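All remarks here apply to the structure that follows.
Just the heavy atoms: all of them, side chains too, but no hydrogens, waters or symmetry mates, feed the values below. Position 1 is the first residue of the sequence, and the numbers go up from there. All ligand and atom numbering here is 1-based and tracks the order in the structure.
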Amino acid sequence: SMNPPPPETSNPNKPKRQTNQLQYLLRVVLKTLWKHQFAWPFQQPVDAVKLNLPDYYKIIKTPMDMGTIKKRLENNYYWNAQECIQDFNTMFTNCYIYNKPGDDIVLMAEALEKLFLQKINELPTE
Ligand SMILES: COc1cc(/C=C/C(=O)O)ccc1O
């Protein structure tokens, strides 16, 4: 009946960079997924209390969501594109771990992940 602290979006102890790939990840990848009709479940940490999913954070130990990714990108939290790509894949993975195949939420994750994959296919060279 309690949500964990969300993932950090700011860490002054963490070295940070602005690379053209990270810019792509914000301006193209995030923006494309964020605007999608199916983005809303993924635009903020899972509120396991409001969704009455007390076991969500028992099962999901590496939570990730696009709200967090967005803030991280906006805050230049990352060092490289792979960190950010990993966050996206963590988000998708958590969905597929927690839910069943064919669940609406999985279909939404899959639709977003298809766009994710299409966009990162044209990730520019550094
Ligand atoms: C069904 O479980 C999930 C729910 C959500 C979001 C729900 C919402 O914002 O209402 C996100 C990921 C999940 O795996």
Close N/O pairs between ligand 1 and protein, under 3.5 Å:
unit_1	atom_1	unit_2	atom_2	d
ligand 1	2 (O)	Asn99	OD1	3.3
ligand 1	14 (O)	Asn99	ND2	2.6

**Message:** As a quick check of understanding, evaluate side chain to side chain contact (heavy atoms under 4.5 Å, CB included) for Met108 and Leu112, giving each step before the final call.
**Reply:** CA-CA 6 Å; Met108 299 168 88; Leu112 291 188; 5.7 Å; no
**Request:** Evaluate the side chain to side chain contact (heavy atoms under 4.5 Å, CB included) criterion for residues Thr19 and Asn80: first the C-alpha distance (whole Å), next the side-chain angles of each, then the deciding distance (0.1 Å), finally the verdict.
**Result:** CA-CA 7 Å; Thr19 75; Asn80 62 40; 5.9 Å; no
**Request:** Decide yes or no on side chain to side chain contact (heavy atoms under 4.5 Å, CB included) for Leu25 and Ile85, but give the supporting numbers first.
**Result:** CA-CA 8 Å; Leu25 277 162; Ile85 288 166; 4.1 Å; yes
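For the ring-ring contact (aromatic ring centres under 6.0 Å, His included) with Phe88, the lone residue among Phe116, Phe42, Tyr78, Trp34 that qualifies is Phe116. Considering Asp55, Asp103, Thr93 as possible partners of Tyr98, the one that fulfils the side-chain hydrogen bond (donor to acceptor under 3.5 Å, both in side chains) test is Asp55.
In summary, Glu8 and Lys71 do not engage in a salt bridge, as defined by a charged side-chain N under 4.0 Å from a carboxylate O.
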